[PDB]
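J.: Take a look at the following structure, please.
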Amino acid sequence: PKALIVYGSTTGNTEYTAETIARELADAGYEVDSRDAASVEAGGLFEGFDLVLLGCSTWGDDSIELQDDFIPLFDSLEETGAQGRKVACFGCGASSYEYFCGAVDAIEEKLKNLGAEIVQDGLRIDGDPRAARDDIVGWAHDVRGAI
Ligand SMILES: Cc1cc2nc3c(=O)[nH]c(=O)nc-3n(C[C@H](O)[C@H](O)[C@H](O)COP(=O)(O)O)c2cc1C
């Protein structure tokens, strides 16, 4: 299968999660294209992919704000070709906050409204992702079994 991973990361935690997920998928034989949201054009972005994984950290002071580089893509998500596309979301946040990983919920809700097929509920990491390696690995295994 061919998967696309697009991540929005300010301090590199969601980028480290995206790289862990990319290796799990490549180790199982998938074809994997991993891109920073900062380098991406929304226009037909998901075209030709069997699975699309979107990663984004949460910002703002209990007023959800998406990671800076991901904003433009979220704004033009209606142009990516998400209708009928198998997708799943992930991101890093702080479980202590009002909207823990609220950017993962917001992205899932728009994808749902755009006709995408959410194959798995979003992976929401608390704290340092390097300490949540087994959950990341376990979530990537489950998405593979869900497509
Ligand atoms: C100023 C500020 C606001 C934040 N807002 C939230 C929030 O509303 N909810 C949440 O779950 N995490 C929030 N975070 C936590 C960050 O999303 C978290 O540190 C995450 O690991 C950052 O990931 P990144 O390095 O991929 O950009 C906030 C952090 C800062 C510094």
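Following the order of the structure tokens, chains are lettered A, B, ..., residues in each are numbered from 1, and ligands are numbered from 1.
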Using only C-alpha atoms and all ligand atoms, tabulate the residues of chain A lying at most 10 Å from any atom of ligand 1, each with its closest atom pair and that distance in Å to one decimal, by chain and increasing residue number, as JSON lines.

T.:
{"residue": "A:7", "atom": "CA", "partner": "ligand 1", "partner_atom_place_in_ligand_line": "26 (O)", "distance": 8.0}
{"residue": "A:8", "atom": "CA", "partner": "ligand 1", "partner_atom_place_in_ligand_line": "26 (O)", "distance": 6.4}
{"residue": "A:9", "atom": "CA", "partner": "ligand 1", "partner_atom_place_in_ligand_line": "26 (O)", "distance": 3.4}
{"residue": "A:10", "atom": "CA", "partner": "ligand 1", "partner_atom_place_in_ligand_line": "27 (O)", "distance": 3.4}
{"residue": "A:11", "atom": "CA", "partner": "ligand 1", "partner_atom_place_in_ligand_line": "25 (O)", "distance": 3.2}
{"residue": "A:12", "atom": "CA", "partner": "ligand 1", "partner_atom_place_in_ligand_line": "25 (O)", "distance": 3.9}
{"residue": "A:13", "atom": "CA", "partner": "ligand 1", "partner_atom_place_in_ligand_line": "25 (O)", "distance": 3.9}
{"residue": "A:14", "atom": "CA", "partner": "ligand 1", "partner_atom_place_in_ligand_line": "26 (O)", "distance": 3.4}
{"residue": "A:15", "atom": "CA", "partner": "ligand 1", "partner_atom_place_in_ligand_line": "26 (O)", "distance": 5.6}
{"residue": "A:16", "atom": "CA", "partner": "ligand 1", "partner_atom_place_in_ligand_line": "26 (O)", "distance": 7.6}
{"residue": "A:17", "atom": "CA", "partner": "ligand 1", "partner_atom_place_in_ligand_line": "26 (O)", "distance": 8.1}
{"residue": "A:18", "atom": "CA", "partner": "ligand 1", "partner_atom_place_in_ligand_line": "26 (O)", "distance": 9.2}
{"residue": "A:55", "atom": "CA", "partner": "ligand 1", "partner_atom_place_in_ligand_line": "26 (O)", "distance": 8.2}
{"residue": "A:56", "atom": "CA", "partner": "ligand 1", "partner_atom_place_in_ligand_line": "26 (O)", "distance": 6.5}
{"residue": "A:57", "atom": "CA", "partner": "ligand 1", "partner_atom_place_in_ligand_line": "17 (O)", "distance": 4.4}
{"residue": "A:58", "atom": "CA", "partner": "ligand 1", "partner_atom_place_in_ligand_line": "17 (O)", "distance": 4.0}
{"residue": "A:59", "atom": "CA", "partner": "ligand 1", "partner_atom_place_in_ligand_line": "5 (N)", "distance": 3.6}
{"residue": "A:60", "atom": "CA", "partner": "ligand 1", "partner_atom_place_in_ligand_line": "3 (C)", "distance": 4.6}
{"residue": "A:61", "atom": "CA", "partner": "ligand 1", "partner_atom_place_in_ligand_line": "3 (C)", "distance": 5.3}
{"residue": "A:62", "atom": "CA", "partner": "ligand 1", "partner_atom_place_in_ligand_line": "8 (O)", "distance": 4.6}
{"residue": "A:63", "atom": "CA", "partner": "ligand 1", "partner_atom_place_in_ligand_line": "8 (O)", "distance": 6.3}
{"residue": "A:64", "atom": "CA", "partner": "ligand 1", "partner_atom_place_in_ligand_line": "8 (O)", "distance": 5.4}
{"residue": "A:65", "atom": "CA", "partner": "ligand 1", "partner_atom_place_in_ligand_line": "8 (O)", "distance": 7.3}
{"residue": "A:66", "atom": "CA", "partner": "ligand 1", "partner_atom_place_in_ligand_line": "17 (O)", "distance": 8.8}
{"residue": "A:67", "atom": "CA", "partner": "ligand 1", "partner_atom_place_in_ligand_line": "27 (O)", "distance": 6.2}
{"residue": "A:68", "atom": "CA", "partner": "ligand 1", "partner_atom_place_in_ligand_line": "27 (O)", "distance": 8.6}
{"residue": "A:69", "atom": "CA", "partner": "ligand 1", "partner_atom_place_in_ligand_line": "27 (O)", "distance": 9.5}
{"residue": "A:91", "atom": "CA", "partner": "ligand 1", "partner_atom_place_in_ligand_line": "26 (O)", "distance": 7.0}
{"residue": "A:92", "atom": "CA", "partner": "ligand 1", "partner_atom_place_in_ligand_line": "21 (O)", "distance": 4.4}
{"residue": "A:93", "atom": "CA", "partner": "ligand 1", "partner_atom_place_in_ligand_line": "11 (O)", "distance": 3.3}
{"residue": "A:94", "atom": "CA", "partner": "ligand 1", "partner_atom_place_in_ligand_line": "11 (O)", "distance": 3.9}
{"residue": "A:95", "atom": "CA", "partner": "ligand 1", "partner_atom_place_in_ligand_line": "11 (O)", "distance": 5.7}
{"residue": "A:96", "atom": "CA", "partner": "ligand 1", "partner_atom_place_in_ligand_line": "11 (O)", "distance": 7.4}
{"residue": "A:97", "atom": "CA", "partner": "ligand 1", "partner_atom_place_in_ligand_line": "9 (N)", "distance": 5.2}
{"residue": "A:98", "atom": "CA", "partner": "ligand 1", "partner_atom_place_in_ligand_line": "8 (O)", "distance": 6.4}
{"residue": "A:99", "atom": "CA", "partner": "ligand 1", "partner_atom_place_in_ligand_line": "9 (N)", "distance": 4.7}
{"residue": "A:100", "atom": "CA", "partner": "ligand 1", "partner_atom_place_in_ligand_line": "11 (O)", "distance": 3.1}
{"residue": "A:101", "atom": "CA", "partner": "ligand 1", "partner_atom_place_in_ligand_line": "11 (O)", "distance": 3.8}
{"residue": "A:102", "atom": "CA", "partner": "ligand 1", "partner_atom_place_in_ligand_line": "9 (N)", "distance": 5.9}
{"residue": "A:103", "atom": "CA", "partner": "ligand 1", "partner_atom_place_in_ligand_line": "9 (N)", "distance": 7.8}
{"residue": "A:104", "atom": "CA", "partner": "ligand 1", "partner_atom_place_in_ligand_line": "11 (O)", "distance": 9.2}
{"residue": "A:124", "atom": "CA", "partner": "ligand 1", "partner_atom_place_in_ligand_line": "11 (O)", "distance": 8.3}
{"residue": "A:125", "atom": "CA", "partner": "ligand 1", "partner_atom_place_in_ligand_line": "21 (O)", "distance": 7.6}
{"residue": "A:126", "atom": "CA", "partner": "ligand 1", "partner_atom_place_in_ligand_line": "21 (O)", "distance": 7.3}
{"residue": "A:127", "atom": "CA", "partner": "ligand 1", "partner_atom_place_in_ligand_line": "21 (O)", "distance": 5.8}
{"residue": "A:128", "atom": "CA", "partner": "ligand 1", "partner_atom_place_in_ligand_line": "21 (O)", "distance": 6.4}
{"residue": "A:129", "atom": "CA", "partner": "ligand 1", "partner_atom_place_in_ligand_line": "21 (O)", "distance": 7.6}

J.: What's around region 24-36 of chain A at 7 Å? Count only C-alpha atoms, leave out sequence neighbours fewer than 5 positions away in its own chain, and write the answer as a count of residues only.

T.: 10

J.: Between CA of residue 20 (chain A) and CA of residue 135 (chain A), what is the spacing in Å?

T.: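 About the pair CA of residue 135 (chain A) and CA of residue 20 (chain A): they are 10.6 Å apart.
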
J.: Within region 2-140 of chain A, find each residue whose DSSP state, derived from the backbone, is alpha helix (DSSP H), and express the selection as a ChimeraX atom specification.

T.: /A:13-27,71-75,102-113,133-140

J.: Which neighbours of residue 147 (chain A) fall inside 10 Å, counting only C-alpha atoms, when residues of the same chain fewer than 5 positions from it are skipped, and could you give them as a list in words?

T.: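 Using only C-alpha atoms, the neighbours found are residues 1, 50, 51, 86, 87, 117, 118, 119, 120 and 142 of chain A.
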
J.: CA of residue 122 (chain A) to CA of residue 88 (chain A): how many Å, to one decimal?

T.: 6.1 Å

J.: Do you have the CA of residue 123 (chain A)-CA of residue 78 (chain A) distance handy?

T.: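 Computing it gives 22.7 Å between the two atoms.
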
J.: Which residues, written as a PyMOL selection string, have at least one atom at most 7 Å from residue 80 (chain A), with only C-alpha atoms counted and residues fewer than 2 positions away on the same chain left out?

T.: chain A and resi 42-46+77-78+82
